[PDB]
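The primary structure of each chain is shown beneath.
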Amino acid sequence: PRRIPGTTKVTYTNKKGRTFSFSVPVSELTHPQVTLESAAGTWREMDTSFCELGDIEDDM
Amino acid sequence: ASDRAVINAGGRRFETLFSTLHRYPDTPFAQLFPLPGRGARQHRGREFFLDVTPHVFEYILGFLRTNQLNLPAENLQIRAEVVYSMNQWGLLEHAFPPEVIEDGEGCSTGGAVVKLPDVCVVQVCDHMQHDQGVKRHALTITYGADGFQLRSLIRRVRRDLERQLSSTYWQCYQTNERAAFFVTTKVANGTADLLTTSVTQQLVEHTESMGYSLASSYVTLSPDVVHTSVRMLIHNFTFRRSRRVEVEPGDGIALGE
Amino acid sequence: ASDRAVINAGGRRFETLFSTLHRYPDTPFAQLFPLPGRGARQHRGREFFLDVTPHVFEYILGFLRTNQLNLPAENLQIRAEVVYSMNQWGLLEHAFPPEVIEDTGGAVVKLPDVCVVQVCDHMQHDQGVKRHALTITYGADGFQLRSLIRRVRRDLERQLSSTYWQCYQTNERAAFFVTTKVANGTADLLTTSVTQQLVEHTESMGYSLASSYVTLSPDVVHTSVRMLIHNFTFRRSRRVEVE
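Structure determination for the deposited model, as stated in its record, used cryo-EM, and the stated resolution is 3.1 Å.

Structure below.
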């Protein structure tokens, strides 16, 4: 298990031109966003080619 | 001595050396008043006056002898004053310096990136039915936003309930990014008090470890709308995110334009 | 040497510049401090006496030096003294300016320092299905209900489709959110997310949550309308300007 660092640094430039770091509390996701109806295409599918059914067009 | 300077900010006297304020000489802070030139005119010390609060200058001058800046979390007013004073003086870029490293980025061990909000409402609702006169619990934990680690929260709930829950079978798993679930078969009265306490204990321990603090809570108990005998005990907690020790994007309004 | 002025308020000595108290000349706070007149009589510095609290005067003088304000929420007696002292000295209208809305142009509104939000959820049941009629109602005018529904809808496109819920605006201070044909588990996702979007939208206006207290219909017989009345109390402690 890899622990989330929690804080992240982003670069912000002022009106004069001085750059510094905004520290943002940021956590990562854990569960996939499957509730969307759109399908990305990248998910691990289940193999079902070994199963024997009544398909006479296929082989045993 | 000639190295010491008597600086009076807001009516309070401070004494410090010349190398303390000139630790960053290129900044507009130490450039706009001549520390070494006034030491040749006045033999004892240089007398300068500032228009800042003395409690705010303690954080800025205390930073210059330490190279460490810690913004106040409990006092939101002084936190707004340190950010504005170090922005107009050009001194905040050396306290929190920018640094980006492409070679240390590791996306293979990380999921998608979301931002934690400043407030967090958590709803803990279990539905208590009567299975042959004995209570059964179907418990649901719901968060208000994404990012909160539910998989690590569930195993903390799961480890505590292996010693305290006496039933036939029970599960605990994650159903959504913001939702978790728990079912039990015919729990007793005294074991249900161990169930409601241990789940609400490990939940608020998980949110304090995330960097939040409890603002308010709420408990209610009411029957279901459709079914009469189905009870609904809802523990609703509200968590306020603690202020970070460094600067935040929420302090951007206090930066000054 | 001559530009600094000594302020003694409540047994505590304060020293600050001349132009900071005269940053706003039209305010009555600058009129009661004759800074060029007191510097002419006493050539060293001006000596003024006030009966205000020293902790309260640090917020008022801190606003004149740094153009920011954060009112303390942990102490209501200190915070109510700061707002009252800035009202009798005429400093609140420059700290909390009136807002400008473009609907026709008419821009005059004063946001309340204490506002209440009443969130009433109507749970009904007819022919095996159940529905929710959530009614969000703000206290006074000046708030932006157009942007809250934008935050409510955008946080709900990922969770559910537009068929099972509808959210629109009925009044300038009242918002409506209906919910039909949802499961038991996903109903807690909607009520917690709207409550999540309700608080941080008020935080984007410059307020702070004081307390929350909810009631619910404790009847065991069948009722045609069950009511979940969530009440919020917000206190204005800052100002938020986007860009």
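K.L.:
Can you walk me through the overall build of chain B in this structure?
P.N.:
Along its length, chain B carries eight helices and 10 strands. Relative to the globule expectation of 18 Å for 257 residues, the C-alpha radius of gyration of chain B, 28 Å, shows a markedly less compact shape. For the C-alpha atoms alone, the extent of chain B along its principal axes is close to 95 × 45 × 35 Å. For chain B, contacts bridging at least 24 residues in sequence account for 63% of all contacts bridging at least 6.

K.L.:
Just checking my understanding: could you explain the packing of helix α7 (residues 150–164) of chain B against helix α8 (residues 189–209) of chain B for this structure?
P.N.:
How two helices sit against one another is set out by the angle between their axes and by the gap between those axes. Residues and elements named next belong to chain B. Axis separation between α7 and α8 bottoms out at 9 Å; the angle between their running directions is 150 degrees. One element, α7, and the other, α8, form an angle in the roughly antiparallel class. α8 is crossed by α7, and the crossing has right-handed handedness. Two secondary-structure elements touch here, α7 through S152, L153, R156, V157, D160, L161 and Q164 and α8 through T191, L194, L195, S198, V199, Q202, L203, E205, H206 and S209. Partitioned by chemical class, the residues of the contact of α7 with α8 number seven nonpolar, seven polar and three charged.

K.L.:
Help me out: how do you make sense of a negative patch on the surface in this one?
P.N.:
All names here are of chain A. Judged by side-chain charge, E52, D55, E57, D58 and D59 come together as a negatively charged surface patch. Inspection of the secondary structure puts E57 in the segment after β2 (19–28). Classification of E57 by relative accessible area gives exposed; the value is 68%.

K.L.:
Where do I start with the nonpolar core in this structure?
P.N.:
For soluble globular proteins, the rule of thumb is that nonpolar side chains tend to be buried together. Core analysis: the biggest nonpolar cluster contains 34 residues, and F57(B), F63(B), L69(B), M86(B) and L91(B) have the highest contact counts within it. Elements with a minimum of two residues in this core: β2 of chain A together with β1 (5–9), α1 (18–21), α2 (28–31), α4 (54–64), α5 (76–88) and α6 (92–95) of chain B. The element contributing the most residues to this core is α4(B), with six residues. With residues near it in sequence (within four places) discarded, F63(B) still touches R23(B), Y24(B), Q68(B), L69(B), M86(B), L91(B), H94(B) and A95(B).

K.L.:
I tried to follow the interface of chain B and chain C on my own but got confused; where do I start?
P.N.:
Facing the 39 residues of chain B at the interface are 38 residues of chain C. The junction of chain B with chain C conceals about 3,900 Å² of combined surface from both sides, 54% of it contributed by carbon and sulfur atoms. If you sort the residues of chain B by the area they bury against chain C, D51(B), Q77(B) and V225(B) come out on top, with a joint share of 17%. Across the contact surface, chain B and chain C share two salt bridges. Its salt-bridge partner being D155(C), residue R178(B) comes within 3.1 Å of it at the nearest N-O pair. At the surface where chain B touches chain C, the tally comes to 12 residue pairs in polar contact. Elements represented by at least two residues in the side of chain B that touches chain C include exactly β3 (47–50), α5, β5 (119–131) and β9 (212–223) of chain B. Here the side of chain B that touches chain C is built from residues that sort into 18 nonpolar, 15 polar and six charged.

K.L.:
Please explain the sheet that holds strand β2 (residues 12–16) of chain B as it appears in this structure.
P.N.:
The strands making up a sheet associate through backbone hydrogen bonding, with each pair oriented either parallel or antiparallel. Residues and elements named next belong to chain B. Pairing in this open sheet of three strands is mixed, and the strands run β2-β1-β3 from one edge to the other. Of all the strands in the sheet, just β2 and β3 have a single pairing partner and so form its edges. Sheet twist, expressed as the average angle between the axes of neighbouring strands with direction ignored, equals 25 degrees. The sheet contact formed by β1 and β3 spans four bridges and is parallel. Bridging from a neighbouring strand, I7 pairs with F48 of β3. Across the face of the sheet, α4 comes into contact with β1, β2 and β3 while running at roughly 10 degrees to β2.

K.L.:
I would appreciate a short explanation of the side chain of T140(B) in the present structure.
P.N.:
Here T140(B) lies in strand β6 (residues 134–142). Leave out the neighbours within four places in its chain, and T140(B) touches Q123(B), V124(B), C125(B), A180(B) and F181(B).

K.L.:
Could you clarify how one ought to interpret the interface of chain B and chain A in this entry?
P.N.:
Much of the literature gives interface size as the accessible area that the parts lose upon coming together. Contact with chain B, which involves 34 residues of that partner, is made by 23 residues of chain A. Where the side of chain B that touches chain A is concerned, the elements lending two or more residues are α6 and β4 (113–115) of chain B. Class assignment of the residues belonging to the side of chain B that touches chain A gives a composition of 13 nonpolar, 10 polar and 11 charged. Bridge count for β2(A) against β4(B) is three bridges, and the pairing is antiparallel.

K.L.:
How should unusual backbone geometry be read in this particular structure?
P.N.:
All names here are of chain C. One non-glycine residue with positive phi stands out, namely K181, at about 60 degrees. By the element assignment, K181 lies in the loop between β7 (174–180) and α7 (184–204). Although it is not a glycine, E243 sits at a positive phi angle of roughly 55 degrees. Turning to its location among the elements, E243 is positioned in the segment after β9 (226–236).

K.L.:
Just checking my understanding: could you explain the packing of aromatic side chains for this structure?
P.N.:
A ring pair, where both rings are aromatic, is described by two values, the distance of the centres and the angle of the planes. Residues and elements named next belong to chain C. Evaluated as defined, the whole model comprises 21 aromatic pairs over all chains. An angle of 45 degrees between the planes, with centres 6.5 Å apart, marks the rings of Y24 and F63 as tilted. Here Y24 is found in the loop between β2 (12–16) and α1 (28–31), whereas its partner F63 is found in helix α3 (residues 54–65), with 39 residues between them in sequence. Here the two residues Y24 and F63 agree in accessibility, since each one is buried. Measuring from centroid to centroid gives 5.3 Å for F143 and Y207, while their planes differ by 80 degrees, and the two rings are edge-to-face.

Conventions we followed
Residues numbered from 1 in each chain as written, not as in the entry; some residues may be left out. Chains lettered and ligands numbered in written order. Part of a larger assembly, values for the part shown. Heavy atoms only, no water. Residues with missing side-chain atoms left out of burial classes, pairs and counts. Helix = DSSP H or I, 4+ residues; strand = E, 2+ residues; numbered from the N terminus. Rg over C-alpha atoms; globule rule 2.2 N^0.38 Å. Contact = heavy atoms within 4.5 Å. Axes fitted to C-alpha atoms, helices over the stretch in contact; angles between N-to-C directions. Parallel < 35°, antiparallel > 145°, perpendicular 65-115°, else oblique. Left-handed = near helix turned anticlockwise from the far one by under 90°. Nonpolar A, V, L, I, M, F, W, Y, C, P; charged D, E, K, R; others polar. Patch = residues over 30% accessible without salt bridge, like charges linked within 9 Å, V, L, I, M, F, W, Y side chains within 5 Å. Areas by Shrake-Rupley, 256 points an atom, 1.4 Å probe, with all protein chains shown as cover. Salt bridge = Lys/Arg side-chain N within 4 Å of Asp/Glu carboxyl O. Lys, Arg positive; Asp, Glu negative; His and termini not counted. Charge placed at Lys NZ, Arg CZ, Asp CG, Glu CD. Buried < 20%, exposed > 50% of the residue type's maximum accessible area, 1.4 Å probe, protein only. Core = buried A, V, L, I, M, F, W, Y, C linked by side-chain atoms within 4.5 Å. Buried area = accessible area lost by both parts, 1.4 Å probe. Polar contact = N/O pair within 3.5 Å; in protein donor to acceptor, adjacent residues only side chain to side chain. Pairing = 2+ DSSP bridges. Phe/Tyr/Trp six-rings, centres within 6.5 Å; stacked < 30°, edge-to-face > 60°.

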